[PDB]
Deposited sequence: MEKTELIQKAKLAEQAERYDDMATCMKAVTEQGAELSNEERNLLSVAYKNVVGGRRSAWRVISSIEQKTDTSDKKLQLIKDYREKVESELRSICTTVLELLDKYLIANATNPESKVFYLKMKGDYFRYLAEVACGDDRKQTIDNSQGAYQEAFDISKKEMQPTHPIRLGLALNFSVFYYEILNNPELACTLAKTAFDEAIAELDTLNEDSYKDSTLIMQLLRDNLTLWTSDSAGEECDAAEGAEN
């Protein structure tokens, strides 16, 4: 199938909430070799986010059930391990796409920041279910990706840009969730929010939608973390 027809089928599956098909479509597009527009980057992100988040939620439910718990517990742990295997498979797929095709051949600083943020996201998802030295290394990779994206974004992008804001949001979550420091996650979210507000009168209309929403989310986290 051809790129245009391929992303057509991707949007089609998206509107049908068939995220596995959408994800395979976008993987094919990426493996074709060409770079992605902002809309196509979004398609890939949404597709793989849905497919991995089904299993993230399942894993949380199952691990919770396990904590409150017996042959039952053995079955619970085996099922959790199955879900973890599926999650690692998905994350490895996404990370391989990022290393080989997307990050390597990215033209813009914005695309590089986007793909680095995504790498941070999926190493974080791998770390959510890691133990031992594997956990250390996955946390290391997630933080490294986020920090590189952060440095490049503040070097080449304005604070109001939606990609920078989303990076701040997910990096703050990484600080609060993986490293477990509420103060630093709060400070990151708040510095992003305030820096965006400082300009704002410069933000162009195309981004009004994304930025605004993201900023709300920032503020929401800061509210959830001050209680």
Stretches of the record's deposited sequence for which the structure holds no C-alpha atoms = 70-72, 231-245
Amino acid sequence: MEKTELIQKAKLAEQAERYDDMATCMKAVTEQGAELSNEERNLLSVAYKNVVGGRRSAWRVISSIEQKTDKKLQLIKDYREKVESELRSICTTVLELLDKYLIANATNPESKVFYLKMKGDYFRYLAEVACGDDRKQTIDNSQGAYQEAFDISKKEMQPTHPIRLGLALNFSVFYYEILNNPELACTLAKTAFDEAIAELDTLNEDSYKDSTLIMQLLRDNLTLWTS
From here on, numbers count along this sequence of modelled residues.
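So that the term is clear: the rigid core is the largest set of C-alpha atoms that superpose within 1.5 Å between two forms.
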Out of 31-39 and 45-53, which shows the greater rigid core-aligned C-alpha deviation in 6 other deposited structures of this protein?
-> 31-39
Between 89-97 and 71-79, greater root mean square CA displacement in 6 other deposited structures of this protein relative to the shown form, after rigid core superposition, belongs to 71-79
Is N204 unbuilt in at least a third of the other PDB entries compared?
-> yes
Looking at the deposited entry, does 172-180 or 29-37 carry the larger mean Cα B-factor?
-> 29-37
So which stretch wins on mean C-alpha B-factor, 1-9 or 217-225?
-> 1-9
Tell me, please, which of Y146, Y101, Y79, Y115 has the highest C-alpha B factor according to the deposited entry?
-> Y79
Whose CA atom has the top B-factor in the entry, of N42, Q67, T187, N50?
-> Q67
Entry-reported C-alpha B-factor of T107 relative to its chain, by third, is highest
Check where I197 lands among this chain's C-alpha B-factors and tell me if it's the lowest, middle or highest third.
-> middle
If you rank the chain by CA B-factor, which third does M157 end up in: lowest, middle or highest?
-> highest
Please rank the C-alpha B-factors of the chain's modelled residues and tell me whether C131 sits in the lowest, middle or highest third.
-> highest
Going by what the PDB entry lists, where does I62 fall on CA B-factor within its chain: lowest, middle or highest third?
-> highest
